[PDB]
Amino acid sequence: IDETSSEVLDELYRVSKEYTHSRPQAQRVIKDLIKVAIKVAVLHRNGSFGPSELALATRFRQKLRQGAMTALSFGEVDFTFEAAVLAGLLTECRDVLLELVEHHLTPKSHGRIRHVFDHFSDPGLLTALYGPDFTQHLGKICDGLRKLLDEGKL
């Protein structure tokens, strides 16, 4: 696994664990995240996607970059964090991914996608993340996101 991606994944785990107060819950969401990513990766490697699905994958990446850039913008003291906006963007990502894998992955895998995106798009979690107690976590996530965008890994 890519080192920067691992660093961000680590931070997402830590944010989830601290927000929920549950190691088992955080481990579960990150396990599902990893499973989903790899399953989608395999579909890309095996040439399983049709033309409309490949266009959907392109849209998903655009949306994911938009989410990342918006997360970064809200990190600026200048601009006011709006949880509903970031949550809405993450839900747009969820929905594009769900469409992408509708005909390729099992309903169980669709459930894992909903679990991951619904966990992190939770306005409660995001509000905590952008609040006074999560300053260090947010900085590290933003550093990672900026590096991923810079290196073309999103």
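So that there is no doubt, residue numbering starts at 1 and follows the sequence shown.
- Taking only CA atoms, the mean B-factor in the PDB entry is higher for 18 to 26 than for the other of 18 to 26 and 128 to 136.
- As listed in the deposited structure, the average C-alpha B-factor of 118 to 126 and of 34 to 42 is greater for 34 to 42.
- Ranked by C-alpha B-factor against the other modelled residues of its chain, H103 falls in the highest third.
- In the deposited entry, the Cα temperature factor of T58 places it in the middle third of its chain's modelled residues.
- Ranked against the other modelled residues of its chain, the C-alpha B-factor of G111 as given in the entry falls in the middle third.
- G67 sits in the lowest third of its chain by CA B factor, as recorded in the PDB entry.
- Compared with the other modelled residues of the chain, the Cα B-factor recorded for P51 ranks in the middle third.
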